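Below, in structure tokens: the form deposited in one PDB entry, a single chain.
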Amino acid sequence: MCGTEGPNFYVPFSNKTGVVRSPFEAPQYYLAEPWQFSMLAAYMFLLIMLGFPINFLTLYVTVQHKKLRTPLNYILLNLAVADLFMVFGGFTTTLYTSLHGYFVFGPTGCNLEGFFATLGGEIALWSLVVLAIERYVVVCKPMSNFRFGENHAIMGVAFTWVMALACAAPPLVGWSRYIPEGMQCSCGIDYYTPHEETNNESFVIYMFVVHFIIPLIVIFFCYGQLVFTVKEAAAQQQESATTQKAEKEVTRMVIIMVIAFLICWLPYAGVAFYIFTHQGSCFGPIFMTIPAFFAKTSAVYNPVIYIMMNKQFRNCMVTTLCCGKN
């Protein structure tokens, strides 16, 4: 008796006192104080104010600088669009619902907001995976006579969309479901109830293997092989000071990317491992949603790592922000 069930929702609060209401109809101030809903709104405001310009500017400078329109950069533009899906599908809606204290758009808006917020985070995840694969292919050259071109980069972008739909679409047609989560102001996959009608258990396993384990394996493999190949080549050219500088910075960047991924990936593993053990207690609205709470900031720090630290993008944005000069 941890929460209150209803059609299309699970409020993580007991109704033994009779105060629980539908998250589609009335504010959830028994889950959190009104000022804590305000702080949730302030958090959404921070993410919008930093997340929209950085990701929009990534698209804008690509229009004003011909050198950026390389196939190896297509996936980075795909990343910037995905973050805009998170910013407008998720953060903007949540800022609005937050200030009402419940999901005022009803179960239909729940499926829309949940689909587009999940699709945005999914496209971003697989863009990082596809980028790791493309870089591994270009550097480690695992195919004897192969050249990465425009058509290959388009496949890579299309691949992220297929994988993203493979996660975000089934809950709209009866495999798992979208419900309000956490403080009930935004919607997502149901990892909270074993809704046997939609076979929630098998979707969690599918999400865990395909959309959680596999991305980590691919990112670690591709980048490990890449760092190995680069350190191998530099070892054969130690007379070149620039070759050694290039090896050092490639390694430093791979570490940063992998640390950035782990910072977003481990909290889910931690929370899930804590839920696998200790399979006895009730989980507050915050607990199973702490990883998602902090994973939202990836809409800001991913473009900072993959674009603002890209030597080309940086100079083009400086020139664009400086009205043409510098």
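Residues carry their position along the shown sequence, with the first being 1.
As for the form deposited with a partner chain bound, it is not shown, yet the points below apply to it.
- None of 120 to 128, 179 to 187, 78 to 86, 245 to 253 except one has non-hydrogen atoms within 4.5 angstroms of the partner chain in the entry with it bound; the exception is 245 to 253.
- The partner is absent here; in the entry with it bound, the one residue of 139, 110, 157, 167 having a heavy atom within 4.5 Å of the partner chain is 139.
- Using a 4.5 angstroms limit between non-hydrogen atoms, residue 22 is distant from the partner chain in the entry with it bound.
- Shown alone here, residue 16 lies farther than 4.5 Å from the partner chain in the entry with it bound, counting heavy atoms only.
- Residue contact with the partner chain in the entry with it bound: residue 211 places no heavy atom within 4.5 Å of it.
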